[PDB]
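Novice: Top to bottom, those sequences are chains A, B, C, D, E and F.
Taking the numbering used here, I'd label the letters of the first sequence as residues 1 to 81.
Taking the numbering used here, I'd label the letters of the second sequence as residues 82 to 203.
Taking the numbering used here, I'd label the letters of the third sequence as residues 204 to 263.
Taking the numbering used here, I'd label the letters of the fourth sequence as residues 264 to 456.
Taking the numbering used here, I'd label the letters of the fifth sequence as residues 457 to 522.
Taking the numbering used here, I'd label the letters of the sixth sequence as residues 523 to 657.
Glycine included, every Cβ here is placed at the ideal spot set by N, Cα and C.
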Amino acid sequence: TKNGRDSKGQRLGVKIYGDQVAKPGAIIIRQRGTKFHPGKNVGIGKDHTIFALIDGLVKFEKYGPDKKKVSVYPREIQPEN
Amino acid sequence: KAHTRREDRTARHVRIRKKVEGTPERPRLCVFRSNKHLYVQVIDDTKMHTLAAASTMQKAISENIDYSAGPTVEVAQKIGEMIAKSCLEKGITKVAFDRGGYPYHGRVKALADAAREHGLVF
Amino acid sequence: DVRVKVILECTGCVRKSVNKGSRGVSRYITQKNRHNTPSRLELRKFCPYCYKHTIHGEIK
Amino acid sequence: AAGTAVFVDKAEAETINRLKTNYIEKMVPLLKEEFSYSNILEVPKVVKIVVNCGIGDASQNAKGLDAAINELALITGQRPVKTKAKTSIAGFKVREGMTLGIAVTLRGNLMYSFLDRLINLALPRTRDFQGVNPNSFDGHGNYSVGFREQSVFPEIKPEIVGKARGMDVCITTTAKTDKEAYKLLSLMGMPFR
Amino acid sequence: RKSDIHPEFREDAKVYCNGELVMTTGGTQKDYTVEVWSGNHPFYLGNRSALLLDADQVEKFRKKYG
Amino acid sequence: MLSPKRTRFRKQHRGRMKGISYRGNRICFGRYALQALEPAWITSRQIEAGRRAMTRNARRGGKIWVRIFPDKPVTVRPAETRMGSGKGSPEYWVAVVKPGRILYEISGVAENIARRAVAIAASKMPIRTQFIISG
RNA sequence: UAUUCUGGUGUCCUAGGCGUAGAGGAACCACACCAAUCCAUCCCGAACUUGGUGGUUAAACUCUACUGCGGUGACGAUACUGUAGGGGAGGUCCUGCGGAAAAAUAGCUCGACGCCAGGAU
RNA sequence: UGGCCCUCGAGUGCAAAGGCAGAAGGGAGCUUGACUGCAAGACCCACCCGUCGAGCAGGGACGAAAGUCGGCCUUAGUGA
Ligand SMILES: [Mg+2]
Ligand SMILES: [Mg+2]
Ligand SMILES: [Mg+2]
Ligand SMILES: [Mg+2]
Ligand SMILES: [Mg+2]
Ligand SMILES: [Mg+2]
Ligand SMILES: [Mg+2]
Ligand SMILES: [Mg+2]
Ligand SMILES: [Mg+2]
Ligand SMILES: [Mg+2]
Ligand SMILES: [Mg+2]
Ligand SMILES: [Mg+2]
Ligand SMILES: [Mg+2]
Ligand SMILES: [Mg+2]
Ligand SMILES: [Mg+2]
Ligand SMILES: [Mg+2]
Ligand SMILES: [Mg+2]
Ligand SMILES: [Mg+2]
Ligand SMILES: [Mg+2]
Ligand SMILES: [Mg+2]
Ligand SMILES: [Mg+2]
Ligand SMILES: [Mg+2]
Ligand SMILES: [Mg+2]
Ligand SMILES: [Mg+2]
Ligand SMILES: [Mg+2]
Ligand SMILES: [Mg+2]
Ligand SMILES: [Mg+2]
Ligand SMILES: [Mg+2]
Ligand SMILES: [Zn+2]
């Protein structure tokens, strides 16, 4: 009949990208369903929020054959120029 | 949908293997039971390595106990023992039990209990 | 209406002002469907005072 | 006009021997030879016989359900299972979980025994009988026959029966074709066409 | 078989036919008293002859008159 | 008059018309054809009229394929209606055609009768067009 | 120390799948058969369970092979576009410098790599 | 009720979207973590609110154990 009701955009989507840095607890992705799957060193929440358990570079991977999963790997910073 | 018993047990083994995971401090205790033979392994998944493996195909239990058709409860207990000693000598105490698709019962159950009385923790 | 707020209360709690370290009457609260299940709900739940899981019944 | 039930009536006999031992002794060599199989295990075997009562008006009155359960029991020596309807159906006045039919599965030795009390006992005692249709196979080698009323079996006592209740019987065989399955049944004494 | 829920299956069932025939079968009862079983039923031969031979109007005419 | 039998939402976007249509380019049915030169919006009434004209002028010649069809809805607000309080009522239906697109295919005549018939067809079209022969 | 084979067990991945043809029974894996005190079926020793037999590669799995299906997939070109302009009444067109598909065909594909036990050389 | 072929097209209390096949879908057994005390760090952000949570202690539930459990596949169901 008469339209015009709607919703504020929920702020979902990738918060930290591939090869950026994460704190422990830092939220990597807010999603509705699971458009990503938890990998290693990485926990998943009730709303399927994915968060880091470890400081380090976050890397996305083929879950296989089709889907995707995210996991966090510890990096090494020696190379100070 | 696989109604071949084989494929079915593989299904259950994978389902169980979802939850239980071999780590350096808590290796996976892996039971395989075939018709003429009982085979058991111990795995660290992170390093992708088996530390100790005991089976009815080894001369120890071969010269100890012989059986007619299927592996007996007795066979099982002898194996649980063998692997308990084998692992306690490499410094592995605390491990996780992979029932490898089979219902925990019968010679699986007895396998477990034999490994427990002998100083293996699970 | 047909779905109601119910108070659970520890049965073994004595309102007399007990002599222990922490004194108080545990109550939880929750909802029941008064039609579906007319039986007075009983639930085993934790009590901060008794320190053990006790049985919490209801109040009218 | 060809009689393979002159095999079934042949001499004073025993049960186990009849079905299972005439299978191992006689049937298996016969089939092994006439279809020329390159291994023994390719022989057609009888897997299972499920007997299925279809009564949906029995959901209304549970006593008919209990009665027919007892009937199918005394017939098959096995206390039946009561099958629940999966979906809510309008025109049949059915909702989910409502008890519709009555089903038993017969396996192992009871399979052979009930099969025997079928061909050699109730089938001839039936109402006017010509032969069971050769055309009732499913193409993959499993056969089905209806029984319009259950007074067929003597375990069923006809004066004590309140109402006539129908049965369906489904024979399941490892056979992949109907020829092999048909030879299997007939060789075992079945009255075809 | 699960115990006590099933009706008792007596493995020995003597089939007694009134032609004094005694065979063995299986069933809940010990003895079955039978009339008209597989062997000793019209089906094989007698019924074939009755269904297939019952026509013949011309000879039926000639038997009356001739 | 051509038109879709059902859609969920009544009202639709004007859209935007760009490029070439590479797909409808070929002539796969008949012999001679009418090709759309320019980016436009064909009402079902125009296709109707063009087809009727080509059909009547051909007559004794056999066959006319209509290679297009008006599946996108179009909406209008009434007269003396102040702007606001909702999108209007769909009146008619259009087909979106881009340059290179084939409209009419025709078979069963000499090239002369076909050139003339296709001309009378292109007279009821909103757009510039072309005459082409099968390969 | 090698190699080869069986069974277990995993990680990587281009997700190695279906089909057709062939090989495997000494060992291993499997089914087959038999009997039901541990446990077992909303009915059924079918499954799952304990204990026997010694049958068979039929099913299963395993291994070699093949493009028929399936899966994968360019180069180039074009569509589109970033920025600098131009034409058209407009719908929209065109140029220079930079990026660059989808589709389709050419090809590619019948997985790779590791530990353990157990034979063989 | 029996069987063969397609393989995710059903389902998920209710809209729609995103998820989810040996599963988040269907069933069975035992249960009350639909707990107390908290909490590094994040996301969202005018403010007020709102969301995710590794981890610690107490006292438990299921489980042989490993472990999982601070309501519900997620997002509405509310009011300073
Ligand atoms: Mg939104
Ligand atoms: Mg949680
Ligand atoms: Mg065995
Ligand atoms: Mg007939
Ligand atoms: Mg251009
Ligand atoms: Mg297109
Ligand atoms: Mg014009
Ligand atoms: Mg590939
Ligand atoms: Mg490849
Ligand atoms: Mg084979
Ligand atoms: Mg190909
Ligand atoms: Mg292809
Ligand atoms: Mg290129
Ligand atoms: Mg440009
Ligand atoms: Mg410009
Ligand atoms: Mg360019
Ligand atoms: Mg370039
Ligand atoms: Mg590309
Ligand atoms: Mg491509
Ligand atoms: Mg290879
Ligand atoms: Mg819905
Ligand atoms: Mg959906
Ligand atoms: Mg579930
Ligand atoms: Mg913890
Ligand atoms: Mg926690
Ligand atoms: Mg705790
Ligand atoms: Mg306990
Ligand atoms: Mg749930
Ligand atoms: Zn208390």
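Can you give the Cα-Cα distance for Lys646(F) and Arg532(F), rounded to whole angstroms?
Specialist: Translated into the one-based positions of the sixth sequence, residue 646(F) becomes position 124. Translated into the one-based positions of the sixth sequence, residue 532(F) becomes position 10. Their Cα atoms are separated by approximately 28 Å.
Novice: Using a Cβ-Cβ cut-off of less than 7 Å, give me the residues of the stretch 336-352 of chain D that come near chain E, in sequence order.
Specialist: Listed by position along the chain: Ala336, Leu337, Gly340, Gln341 and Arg342.
Novice: If you follow the alpha helix (DSSP H) that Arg98(B) is in, where does it begin and where does it stop?
Specialist: Taking the first residue of the second sequence as 1, we reach residue 98(B) at position 17. Unbroken alpha helix (DSSP H) run through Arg98(B): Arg86 to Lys100.
Novice: Can you give me, in chain order, the residues of the stretch 497-517 of chain E that have a beta carbon less than 7 Å from any beta carbon in chain D?
Specialist: Those residues of the stretch 497-517 of chain E that come within reach of chain D (Cβ to Cβ, closer than 7 Å) are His497, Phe499, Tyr500, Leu501 and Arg504.
Novice: Beta carbons nearer than 8 Å to chain E: which residues of the stretch 351-372 of chain D have them?
Specialist: Hits within the stretch: zero.
Novice: Quick one: which residues of the stretch 459-489 of chain E get their C-beta closer than 9 Å to a C-beta of chain D? List them in chain order.
Specialist: Residues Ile461, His462, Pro463, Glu464, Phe465, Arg466, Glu467, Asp468, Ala469, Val471, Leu477, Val478, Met479, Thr480, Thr481, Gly482, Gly483, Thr484, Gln485, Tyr488 and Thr489.
Novice: Write down the C-beta distance between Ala157(B) and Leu110(B) rounded to the nearest angstrom, noting that I regard them as a contact closer than 8 Å.
Specialist: For the purposes of this step, residue 157(B) is identified with residue 76 of the second sequence, where counting begins at 1. For the purposes of this step, residue 110(B) is identified with residue 29 of the second sequence, where counting begins at 1. The Cβ separation is near 13 Å, so there is no contact.
Novice: Using 7 Å as the threshold, is the C-beta distance between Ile287(D) and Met374(D) below it?
Specialist: Looking up residue 287(D) in the fourth sequence gives position 24. Looking up residue 374(D) in the fourth sequence gives position 111. Not in contact: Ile287(D) and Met374(D) (Cβ atoms no closer than 7 Å).
Novice: Determine the contact status of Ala617(F) and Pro592(F), defining contact as a CB-CB distance below 7 Å.
Specialist: Working through the sixth sequence from its first residue, we reach residue 617(F) at position 95. Working through the sixth sequence from its first residue, we reach residue 592(F) at position 70. A contact, by the Cβ cut-off of 7 Å.
Novice: Give the C-beta separation of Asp179(B) and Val101(B) to the nearest angstrom, bearing in mind that I take them to be a contact with Cβ-Cβ under 8 Å.
Specialist: Against the second sequence, residue 179(B) aligns to sequence position 98. Against the second sequence, residue 101(B) aligns to sequence position 20. 6 Å between Cβ atoms; contact.
Novice: Kindly identify the DSSP beta-bridge partner or partners of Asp487(E).
Specialist: The residue labelled residue 487(E) in the question sits at position 31 within the fifth sequence. Paired residue(s): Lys470(E).
Novice: Should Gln513(E) go down as buried or exposed, given a rule of 16 or more other Cβ atoms within 10 Å for buried?
Specialist: Locating residue 513(E) in the fifth sequence gives position 57, where the first residue counts as 1. Classification of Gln513(E): exposed, given that the 10 Å Cβ count is below 16.
Novice: Give, in chain order, every residue of the stretch 372-392 of chain D whose Cβ lies closer than 8 Å to some Cβ of chain E.
Specialist: Of all residues in the stretch 372-392 of chain D, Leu373, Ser376, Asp379, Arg380, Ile382, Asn383, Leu384, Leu386, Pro387, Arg388 and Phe392 have a Cβ within less than 8 Å of some Cβ in chain E.
Novice: Give the residues of chain E in contact with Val269(D), contact being defined as C-beta atoms less than 7 Å apart.
Specialist: As a first step, residue 269(D) must be located in the fourth sequence, where it is residue number 6. Ordered by position in chain E, the residues that pass the 7 Å Cβ test against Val269(D) are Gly495.
Novice: Taking only runs that begin and end inside the stretch 390-427 of chain D, name each unbroken alpha helix (DSSP H) of 4 or more residues, in chain order.
Specialist: For the stretch 390-427 of chain D, not a single whole alpha helix (DSSP H) run of length 4 or above is found.
Novice: How would you write the range of the beta strand (DSSP E) that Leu132(B) sits in, first residue to last?
Specialist: Within the second sequence, numbered from 1, the residue matching residue 132(B) stands at position 51. Note, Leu132(B): beta strand (DSSP E), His130 to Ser136.
Novice: Alpha carbons only, please: which of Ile146(B), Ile97(B), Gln139(B) and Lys171(B) is nearest the one belonging to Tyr185(B)?
Specialist: Your numbering for residue 185(B) matches position 104 in the second sequence. Nearest C-alpha to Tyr185(B): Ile97(B).
Novice: Give the DSSP bridge partners of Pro38(A), in chain order.
Specialist: In the first sequence, the residue the question calls residue 38(A) occupies position 38. Bridge partners of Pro38(A): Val70(A).
Novice: Comparing the C-beta of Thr278(D) with each C-beta of chain E, is any distance below 7 Å?
Specialist: Within the fourth sequence, residue 278(D) is the residue found at index 15, counting from 1. Judged by the 7 Å Cβ criterion, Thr278(D) is in contact with chain E.
Novice: Going by DSSP, name the residue or residues bridged to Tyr185(B).
Specialist: Numbered from its first residue, the second sequence carries residue 185(B) at position 104. Per DSSP, none; premise fails for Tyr185(B).
Novice: Is the CB of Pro397(D) under 7 Å away from at least one CB in chain E?
Specialist: Locating residue 397(D) in the fourth sequence gives position 134, where the first residue counts as 1. No, because no Cβ of chain E sits closer than 7 Å to the Cβ of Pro397(D).
Novice: Compute every distance between the C-beta of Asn116(B) and the non-hydrogen atoms of ligand 3, then say whether any falls below 6 Å.
Specialist: Taking the second sequence and counting its residues from 1, the one referred to as residue 116(B) is at position 35. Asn116(B) Cβ: within cutoff of ligand 3.
Novice: Would you kindly report the start and end of the unbroken alpha helix (DSSP H) that includes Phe51(A)?
Specialist: The count along the first sequence starts at 1 and reaches residue 51(A) at position 51. Looking at the DSSP string, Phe51(A) is not in any alpha helix (DSSP H); the run it does join, the beta strand (DSSP E), is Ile50 to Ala52.
Novice: For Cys316(D), count the other beta carbons within 10 Å of its own beta carbon; 16 or more makes it buried, fewer makes it exposed. Which is it?
Specialist: In the fourth sequence, residue 316(D) corresponds to position 53, counting from 1. Answer is buried; the Cβ neighbour count reaches 16.
Novice: Identify every residue that forms a DSSP beta bridge with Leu369(D).
Specialist: Your numbering for residue 369(D) matches position 106 in the fourth sequence. Paired residue(s): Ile312(D).
Novice: Of the choices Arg237(C), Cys250(C), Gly260(C) and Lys263(C), whose alpha-carbon is the least far from that of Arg206(C)?
Specialist: Indexing the third sequence from 1 puts residue 206(C) at position 3. Ranking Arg237(C), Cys250(C), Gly260(C) and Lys263(C) by Cα distance to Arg206(C) puts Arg237(C) first.
Novice: Please list, in chain order, the chain E residues whose beta carbon lies closer than 9 Å to that of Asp272(D).
Specialist: Along the fourth sequence, read from residue 1 onward, the residue named residue 272(D) stands at position 9. Chain E residues near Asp272(D): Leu477, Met479, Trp493, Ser494, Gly495 and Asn496.
Novice: Using a beta-carbon distance below 7 Å, is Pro417(D) in contact with chain E?
Specialist: Position 154 of the fourth sequence, counted from the first residue, corresponds to residue 417(D). Yes, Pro417(D) counts as interfacial toward chain E.
Novice: Is any heavy atom of ligand 4 found at a distance shorter than 6 Å from the C-beta of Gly502(E)?
Specialist: Your numbering for residue 502(E) matches position 46 in the fifth sequence. It does not: the Cβ of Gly502(E) is nowhere closer than 6 Å to a heavy atom of ligand 4.
Novice: Run down chain E in chain order and give the residues with a C-beta less than 8 Å from the C-beta of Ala264(D).
Specialist: Locating residue 264(D) in the fourth sequence gives position 1, counting from the first residue. The answer, in chain order, is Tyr500, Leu501 and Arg504.
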